[PDB]
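Colleague:
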Amino acid sequence: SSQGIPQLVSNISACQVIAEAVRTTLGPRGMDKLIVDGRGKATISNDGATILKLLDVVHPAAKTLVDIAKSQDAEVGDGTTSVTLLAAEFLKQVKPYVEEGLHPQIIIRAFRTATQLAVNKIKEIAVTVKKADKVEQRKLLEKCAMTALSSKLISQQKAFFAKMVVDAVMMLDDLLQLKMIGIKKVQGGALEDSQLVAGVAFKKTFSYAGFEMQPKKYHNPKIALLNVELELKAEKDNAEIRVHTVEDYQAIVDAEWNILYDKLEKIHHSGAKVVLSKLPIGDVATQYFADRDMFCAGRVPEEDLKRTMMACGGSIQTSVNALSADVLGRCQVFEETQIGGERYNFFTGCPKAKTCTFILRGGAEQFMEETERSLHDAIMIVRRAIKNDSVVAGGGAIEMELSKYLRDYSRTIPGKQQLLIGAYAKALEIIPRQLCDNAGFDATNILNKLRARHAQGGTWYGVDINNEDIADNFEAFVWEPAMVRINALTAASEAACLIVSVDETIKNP
Amino acid sequence: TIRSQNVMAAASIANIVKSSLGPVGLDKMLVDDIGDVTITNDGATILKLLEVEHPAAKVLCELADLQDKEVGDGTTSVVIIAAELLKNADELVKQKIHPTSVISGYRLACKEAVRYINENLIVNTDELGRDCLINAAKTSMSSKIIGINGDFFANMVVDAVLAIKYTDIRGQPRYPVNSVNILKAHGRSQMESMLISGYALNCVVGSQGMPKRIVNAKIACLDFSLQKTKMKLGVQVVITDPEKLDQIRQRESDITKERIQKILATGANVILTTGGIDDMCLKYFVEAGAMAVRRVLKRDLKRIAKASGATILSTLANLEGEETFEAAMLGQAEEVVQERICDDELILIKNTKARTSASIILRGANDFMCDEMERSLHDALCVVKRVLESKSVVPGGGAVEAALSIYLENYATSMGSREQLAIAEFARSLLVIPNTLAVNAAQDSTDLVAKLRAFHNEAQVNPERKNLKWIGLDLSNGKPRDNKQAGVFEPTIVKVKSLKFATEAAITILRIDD
Amino acid sequence: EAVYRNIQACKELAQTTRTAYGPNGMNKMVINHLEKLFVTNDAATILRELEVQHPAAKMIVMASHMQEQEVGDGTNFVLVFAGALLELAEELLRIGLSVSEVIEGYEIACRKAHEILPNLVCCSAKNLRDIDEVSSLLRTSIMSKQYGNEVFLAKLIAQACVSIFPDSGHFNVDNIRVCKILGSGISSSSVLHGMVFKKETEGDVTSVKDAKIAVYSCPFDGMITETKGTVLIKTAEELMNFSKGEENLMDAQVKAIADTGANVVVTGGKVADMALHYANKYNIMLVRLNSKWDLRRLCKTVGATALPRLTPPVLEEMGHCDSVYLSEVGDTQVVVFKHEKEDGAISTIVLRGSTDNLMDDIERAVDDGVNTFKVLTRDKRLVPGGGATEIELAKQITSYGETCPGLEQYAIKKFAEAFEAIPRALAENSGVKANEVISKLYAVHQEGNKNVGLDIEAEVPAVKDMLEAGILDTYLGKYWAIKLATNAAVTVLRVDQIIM
Ligand SMILES: Nc1ncnc2c1ncn2[C@@H]1O[C@H](COP(=O)(O)OP(=O)(O)O)[C@@H](O)[C@H]1O
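Chains as they are written, first to last, in PDB author numbering: chain G, 15 to 523; chain I, 16 to 529; chain H, 27 to 526.
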């Protein structure tokens with residue numbers, strides 16, 4: 015490397031390379047990437063935030079871009095791809111100009127003024143319908159989620175999916191990581207029907223006889239949060255006893271199990287009245303728990319424990335300790351409903367209803383995975399939108415609105431900054447271009463008519479991935495929050511200006 | 016990829032000529048033959064004398080010289096514009112836009128350029144009625160070398176050229192360069208240069224036994240010749256008779272004296288000696304009696320005959336004469352006066368009736384700055400000839416290019432087809448003439464072209480600033496100048512035709528694919 | 027040649043730090059020895075991270091560090107000015123000048139520059155302890171480091187440092203310190219008196235205004251558990267006795283308040299909620315965590331013994347800032363140590379930053395701000411900084427060179443050119459063609475105004491009056507800057523060959 019342009023163009027190339035790790039994953043139907051861990055584990059994730067989190071980045075320019083991407087992930091999470099692509103394309107479109115030899119401080123202040131103007135234009139052109147109280151607006155959020163889900167192309171049950179997810183998120187759910195409000199998918203059954211779980215519970219119970227006669231509908235069960243288990247062959251006593259009678263050998267078989275029997279008796283008498291365990295439990299143990307007039311769930315996932323933390327208000331027990339009801343959580347609903355073939359046990363209704371998860375049953379596998387991503391995206395967008403002051407038309411539209419506005423302002427501003435603002439505006443075109451390319455590779459053909467009709471008159475028109483044709487991205491209920499878009503554009507601008515402000519990289523090994 | 020190699024070759028041949036664009040353009044080295052190296056900054060010369068082995072450069076330069084020979088100067092602009100649009104179209108092809116798409120786009124952009132230039136930015140041969148100002152600006156910029164004295168050149172040129180009138184198809188008001196005779200002279204104060212509304216020359220003094228010294232109501236168009244040094248040999252060496260080729264020579268001298276007596280009898284006071292007079296005859300006939308002149312310029316002789324409605328070839332078969340001349344050479348100048356003018360013994364003839372021509376005598380000081388003056392006058396007269404003979408003018412410099420670029424970008428944003436980028440990128444590429452002129456003007460192009468774009472946007476978006484449409488740059492300047500107080504101009508016909516040929520060359524060279 | 031090879035190191039160092047000179051200067055990323063990545067503008071930290079193997083580079087490096095020792099403002103000016111000076115010295119040696127005569131000319135030109143620079147003083151800080159002037163004075167240093175926060179940082183430094191100048195003679199720069207609030211807006215930073223620390227303190231807020239601090243580094247330890255053999259112990263007595271020992275230790279603390287007077291204590295070791303309710307019943311506070319630098323600086327400033335001992339307070343640790351408090355400004359709770367008396371009335375800035383990488387950069391900005399406040403304190407005289415003083419000195423030195431005959435004339439001329447080389451570097455950083463702006467400003471300085479400087483924020487080469495803009499610079503800082511720059515330059519030009 016060398017001072018000034020020769021190292022800055024290397025930074026340009028590095029930012030292009032780190033873009034290539036995200037370039038094709040922008041759209042919701044964009045290409046997914048398999049990333050292999052050094053342990054030999056194959057992981058699949060089509061969202062740029064997770065990709066960059068798993069991907070190790072070494073080059074300092076890529077390091078800064080990924081750091082800004084992670085800050086945006088902490089901000090929203092989906093904006094990682096957008097901010098990375100904007101930074102990379104800003105750098106790409108200043109590459110011919112910086113290689114020409116103009117000082118990068120010029121483009122620093124050029125981007126600064128351009129993005130301040132862009133923020134002004136966003137705040138001016140953003141519009142609000144909000145007013146979510148009335149039923150019309152409830153079904154407006156419903157049709158928004160429907161447009162997000164449109165890959166399913168189902169009949170009215172499409173709107174039912176949307177209504178269920180919007181209701182689950184609107185019931186007392188604040189802006190959060192959303193991990194507790196997740197979904198599950200089940201084989202068989204009709205996709206027209208599924209369970210609106212009022213909480214979260216265990217995936218599929220076992221074939222034990224205690225399951226069939228399990229005590230459905232606990233009125234207010236106190237819960238026990240265990241991890242240590244009782245099971246066969248796990249432990250034994252190496253005792254030796256000389257014969258005295260025939261009644262004596264039962265001391266050995268007693269010592270093999272007596273501590274376990276007392277342990278289960280006391281931990282069930284602790285004050286809890288339903289018990290969960292992360293490790294497998296024996297059927298014989300289940301029968302003694304039925305002797306305790308009680309039931310146990312083994313092999314529970316750790317996410318069950320975390321959702322119990324944030325929703326059930328419980329606390330970990332993890333062993334026979336804590337023989338008290340004080341540290342135990344509470345539930346308002348419990349049952350078991352074999353969802354088709356899914357032997358799902360239910361314990362739901364919590365001091366905090368932050369999780370009111372859903373379980374899908376549609377008799378397939380290929381649809382409900384992209385369905386998981388689609389519902390994830392829709393339930394995310396509604397909650398981020400309601401918090402923000404205003405919303406703006408997304409999906410490649412507002413990028414073109416800003417591009418047209420900045421082209422018009424660049425072509426009228428004097429001084430060498432106008433070429434730079436024009437380059438900024440052309441670089442801002444990348445999101446429509448990548449949305450089109452990742453969808454049908456017809457980017458130019460649709461982009462030309464899109465820009466032309468956008469310049470024809472004031473509209474929020476953009477690209478529609480559903481039909482590869484221009485659609486009213488606003489009033490087609492595909493949206494991006496205005497405040498989130500300000501955050502994304504400003505973060506991308508700061509990343510780009512910071513990384514193009516640097517001439518040398520310094521090493522002291 | 017072979018079309019991309021064509022693109023590289025065209026970019027190379029364009030970069031060869033880029034630095035030569037504009038009057039401030041740098042000179043170029045080019046070696047057609049090992050024996051000599053040529054130093055020229057003229058675009059036509061450098062394109063013609065240079066050749067490039069690559070076929071694409073051959074095609075581009077062949078179209079360039081077609082333009083050069085069929086519509087005049089502008090071939091350097093054609094090469095630069097065509098190859099810049101070529102490289103930019105290659106950039107589009109890398110964007111997976113097929114070559115035929117940018118072909119259609121360039122054709123549509125050329126059509127819209129032809130419509131726009133002829134419609135909105137044009138002058139109706141009147142220079143908006145400010146001819147006595149644009150010329151005043153023009154003389155300033157056509158002649159940097161002169162500097163201080165300035166406006167007097169303009170005030171003479173305007174009427175000295177408007178006094179001309181050629182005859183041609185429907186009688187266009189074209190006023191050629193030769194319509195004015197440049198009389199290099201020096202010795203006096205550098206403050207004036209008397210234009211002769213007509214023509215001027217010098218003749219013998221003392222031997223003026225004829226009324227040319229004073230006001231002549233009527234004049235002649237006659238030639239003249241006197242000889243005693245073997246000018247006319249009616250018999251040749253074919254025989255060796257020792258004393259038989261000297262009496263015909265002397266008798267031809269005597270019959271030439273008879274001829275001039277036949278001429279001086281009719282008078283009419285316009286008598287002009289033709290060429291071939293030996294120096295021995297020149298020193299003889301100043302004493303022996305001659306109504307002669309010191310073999311004044313034969314080009315001036317022809318232009319004088321044209322400026323008098325009578326040429327000696329219409330009555331005589333040659334420029335010497337043995338048959339008696341008819342009265343067709345009876346001239347018709349309104350006024351002929353001899354004066355001790357400009358401290359030299361010139362003859363001054365006013366604007367002769369019928370077909371006429373102009374002239375100037377230089378009131379210069381010393382030889383070399385007056386040579387500079389003789390050069391600046393030629394430049395000013397020729398360029399104003401360009402301006403007026405064009406009979407239609409587009410604002411010169413980068414004004415038309417920047418206006419066309421902004422307008423075509425808007426058109427592309429309002430066209431909507433597969434070649435939508437073609438129009439806009441043609442527009443962006445067409446800024447290369449403002450860019451090249453700014454680079455050659457020792458200025459930063461990113462700022463000058465920027466000001467051009469901003470001015471043209473403000474001019475054609477808000478109609479309140481219609482006059483802001485006429486700012487461009489051609490020469491080293493701190494701020495781009497407007498073409499209404501200033502006067503840098505190019506003929507609209509040659510500019511639009513050069514743009515059309517640049518577009519056509521780009522189309523032809525992109526239609527070659529594999 | 028050996029001398030040219032020696033000069034080349036200073037040449038490359040000058041080109042390295044040239045991009046970072048002043049406002050609108052190029053940023054740089056430096057990599058810490060532990061591969062920590064952060065971008066910075068301070069050339070001093072660039073040198074801190076940039077290893078300099080070549081001895082001439084080290085010469086310029088401790089020149090810059092001696093500049094740090096004298097006055098922090100102008101540290102990069104020394105390096106770039108020395109680099110330009112060695113560039114012109116290389117030109118002279120290429121012409122054929124002897125090194126000795128080059129040194130003689132540089133020394134005489136530097137001496138007259140020192141005597142004439144106070145003649146370039148336009149005005150002085152006549153009205154210290156008033157925010158209006160001193161904030162504007164700090165503005166130039168703030169913009170020298172960070173250009174996006176010109177006035178806010180300047181005014182907060184004004185309102186802080188004015189509170190640490192009661193003595194009217196002098197003050198110690200350490201009395202202004204910085205504390206860290208991560209994930210926060212830069213504009214939310216605010217000044218507070220005394221040292222403040224973000225991290226939580228155990229016990230309810232009492233804030234005794236006479237809490238003679240019990241000073242310790244790590245009076246408590248982390249979790250341990252004995253193993254009877256290879257396998258772990260099976261008794262809780264090791265925990266019960268530990269809890270009772272902590273309880274009786276703080277009982278002895280509320281006994282030893284008689285000879286120590288400690289309502290507060292500080293530690294780097296963890297304590298549990300048992301210590302929390304012990305403190306609540308004893309009405310004391312205990313800061314659970316501080317960094318090594320924070321603990322050590324607190325140790326010196328409190329003027330009391332500090333040690334990581336599980337021992338009740340002792341007489342040998344009398345607290346200095348006995349009037350302790352707590353605060354929450356900037357939506358983050360902070361513990362406060364203060365003393366009411368004016369002498370050594372330490373204060374701190376609660377620096378609020380969403381990015382640690384930006385946070386240490388604004389740390390460097392505030393450090394240079396307090397340094398230039400020290401410069402104004404020792405000498406109130408101010409000079410038209412921003413290339414105005416550079417061209418003025420260059421013009422005067424050129425006038426000397428043309429008026430003084432002798433072999434040193436070339437040295438005088440090229441020292442003037444080295445002075446000229448600072449504003450051209452600043453113009454290169456700002457993004458404007460250096461030759462035209464230098465020529466324009468130099469032509470303006472030939473008559474009339476003696477203080478006009480170039481406008482960094484304009485695109486076309488522009489020159490604007492410095493006084494009406496208010497980005498003046500320190501007299502004494504510049505004086506020492508040229509002094510050390512020419513001293514280092516002549517020392518590094520004097521050496522003909524480095525030896526293994
Ligand atoms: N807004 C401005 N316009 C012109 N010059 C400025 C401006 N702000 C600061 N300067 C000058 O730029 C100089 C840069 O010196 P610098 O190397 O940044 O000092 P240091 O690194 O020790 O903080 C400063 O001495 C200052 O005088």
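Note that beta-carbon positions come from the ideal geometry of N, C-alpha and C, so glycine has one too.
Give me whichever residues DSSP pairs with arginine 378 (chain H) in a beta bridge.
Modeller: Answer is H:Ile207, bridged to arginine 378 (chain H).
Colleague: Tell me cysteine 310 (chain G)'s beta-bridge partners as DSSP assigns them.
Modeller: The partner list for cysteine 310 (chain G) (beta bridge, DSSP) reads G:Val289.
Colleague: Can you tell me which of the three DSSP states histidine 219 (chain H) falls into?
Modeller: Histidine 219 (chain H) falls in the strand class under three-state DSSP.
Colleague: Would you mind reading off the limits of the beta strand (DSSP E) that contains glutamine 352 (chain G)?
Modeller: 347-353 is the span of the beta strand (DSSP E), which, as asked, contains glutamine 352 (chain G).
Colleague: Can you tell me the Cα-Cα spacing of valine 291 (chain H) and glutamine 93 (chain H), whole angstroms?
Modeller: Rounded to the nearest angstrom, the two C-alpha atoms are 38 Å apart.
Colleague: Could you list the residues in the region 420-449 of chain G with a C-beta less than 8 Å from some C-beta on chain H, going in chain order?
Modeller: Taking 8 Å as the Cβ-Cβ cut-off against chain H, the residues of the region 420-449 of chain G that qualify are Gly429, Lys430, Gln431.
Colleague: Anything in chain G within Cβ reach of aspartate 462 (chain I), meaning under 9 Å, just list it in chain order.
Modeller: Near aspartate 462 (chain I) (Cβ distances below 9 Å), the residues of chain G are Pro428, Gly429, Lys430.
Colleague: Please confirm whether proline 229 (chain G) has its beta-carbon closer than 7 Å to some beta-carbon of chain H.
Modeller: Judged by the 7 Å Cβ criterion, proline 229 (chain G) is not in contact with chain H.
Colleague: How is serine 164 (chain G) classed by DSSP in three states: helix, strand or coil?
Modeller: Of the three classes helix, strand and coil, the one that applies to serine 164 (chain G) here is coil, per DSSP.
Colleague: Got a sec, what are the start and stop residues for the beta strand (DSSP E) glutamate 505 (chain I) sits in?
Modeller: That run of the beta strand (DSSP E) goes 504-506.
Colleague: Is the Cβ of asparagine 30 (chain I) closer than 7 Å to any Cβ of chain G?
Modeller: It does not: the Cβ of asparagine 30 (chain I) has no partner Cβ on chain G nearer than 7 Å.
Colleague: Could you pull the start and end residues of the beta strand (DSSP E) that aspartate 517 (chain G) belongs to?
Modeller: 516-520 is the span of the beta strand (DSSP E), which, as asked, contains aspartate 517 (chain G).
Colleague: Throw me the rounded Cβ distance for the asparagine 193 (chain I) and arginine 318 (chain I) pair, which I believe falls under 8 Å.
Modeller: Contact flag correct, Cβ pair sits at about 6 Å.
Colleague: For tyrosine 30 (chain H), which three-state DSSP category applies?
Modeller: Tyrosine 30 (chain H): helix per DSSP, three-state reduction.
Colleague: Throw me the rounded Cβ distance for the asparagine 32 (chain H) and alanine 89 (chain H) pair, which I believe falls under 8 Å.
Modeller: Actually they are not in contact, since the Cβ atoms of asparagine 32 (chain H) and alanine 89 (chain H) sit about 15 Å apart, beyond 8 Å.
Colleague: Would you say the beta carbon of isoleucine 72 (chain H) is closer than 6 Å to some non-hydrogen atom of ligand 1?
Modeller: No, the Cβ of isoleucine 72 (chain H) stays beyond 6 Å of every heavy atom of ligand 1.
Colleague: Taking only beta-carbon atoms, is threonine 367 (chain I) less than 7 Å away from chain G?
Modeller: Judged by the 7 Å Cβ criterion, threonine 367 (chain I) is not in contact with chain G.
Colleague: With C-beta atoms as the reference, is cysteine 244 (chain H) less than 7 Å away from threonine 293 (chain H)?
Modeller: For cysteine 244 (chain H) and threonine 293 (chain H), yes; Cβs fall inside 7 Å.
Colleague: Shorter than 6 Å, the distance from the beta carbon of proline 49 (chain H) to the closest heavy atom of ligand 1, or not?
Modeller: Because some heavy atom of ligand 1 lies under 6 Å away, the Cβ of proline 49 (chain H) counts as near it: yes.
Colleague: How far does the alpha helix (DSSP H) with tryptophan 506 (chain H) in it reach, from first residue to last?
Modeller: Unbroken alpha helix (DSSP H) run through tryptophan 506 (chain H): 501-520.
Colleague: Quick one: residues in its chain with C-beta nearer than 6 Å to the C-beta of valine 87 (chain H), no 5 flanking neighbours on either side, listed in chain order?
Modeller: These residues qualify, in order along the chain: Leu73, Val78.
Colleague: Determine, for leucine 76 (chain H), whether the minimum Cβ-Cβ distance to residues of chain G falls below 7 Å.
Modeller: Yes, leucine 76 (chain H) lies at the interface with chain G (some Cβ there is under 7 Å from its Cβ).
Colleague: Look at the Cβ atom of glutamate 424 (chain I), then the Cβ atom of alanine 442 (chain I), and state whether they are nearer than 7 Å.
Modeller: Yes, the pair counts as a contact, with Cβ atoms nearer than the cut-off.
Colleague: Give me the Cα-Cα distance between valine 199 (chain H) and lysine 400 (chain H), rounded to the nearest whole angstrom.
Modeller: The alpha-carbon atoms of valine 199 (chain H) and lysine 400 (chain H) are separated by roughly 7 Å.
Colleague: Near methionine 194 (chain G), which residues of its chain fall below 8 Å by C-beta distance, leaving aside the five closest residues on each side in sequence?
Modeller: Cβ within range, chain order: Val214, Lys320, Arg321, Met324, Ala325, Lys368, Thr369, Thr371.
Colleague: What does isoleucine 375 (chain I) pair with, by DSSP beta-bridge criteria?
Modeller: The partner list for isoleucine 375 (chain I) (beta bridge, DSSP) reads I:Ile197, I:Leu210.
Colleague: Nearest CA to the CA of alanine 101 (chain G): which residue from G:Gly476, G:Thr129, G:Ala265, G:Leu116?
Modeller: Considering only alpha carbons, the answer is G:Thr129.
Colleague: Counting contacts by CB-CB distance shorter than 7 Å, is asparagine 53 (chain H) in contact with chain G?
Modeller: It does; some Cβ of chain G falls within 7 Å.
Colleague: Quick one: is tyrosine 275 (chain G) buried, meaning 16 or more other Cβ sit within 10 Å of its Cβ, or exposed?
Modeller: Flag for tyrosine 275 (chain G) reads exposed.
Colleague: Considering only their Cβ atoms, is the gap separating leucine 107 (chain I) from residue 1 (chain I) smaller than 7 Å?
Modeller: The structure shown does not extend to residue 1 (chain I), since chain I is modelled only from 16 to 529, so the question has no answer here.
Colleague: Is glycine 479 (chain H) close to chain G, meaning its C-beta is less than 7 Å from at least one C-beta of that chain?
Modeller: Not one chain G Cβ lies under 7 Å of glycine 479 (chain H).
Colleague: Exposed or buried, what is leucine 433 (chain G) when buried is set at 16 or more other beta-carbons lying within 10 Å of its beta-carbon?
Modeller: By the 10 Å Cβ count, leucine 433 (chain G) comes out buried.
Colleague: Can you give me, in chain order, the residues of the region 19-32 of chain G that have a beta carbon less than 8 Å from any beta carbon in chain H?
Modeller: Listed by position along the chain: nothing, the set is empty.
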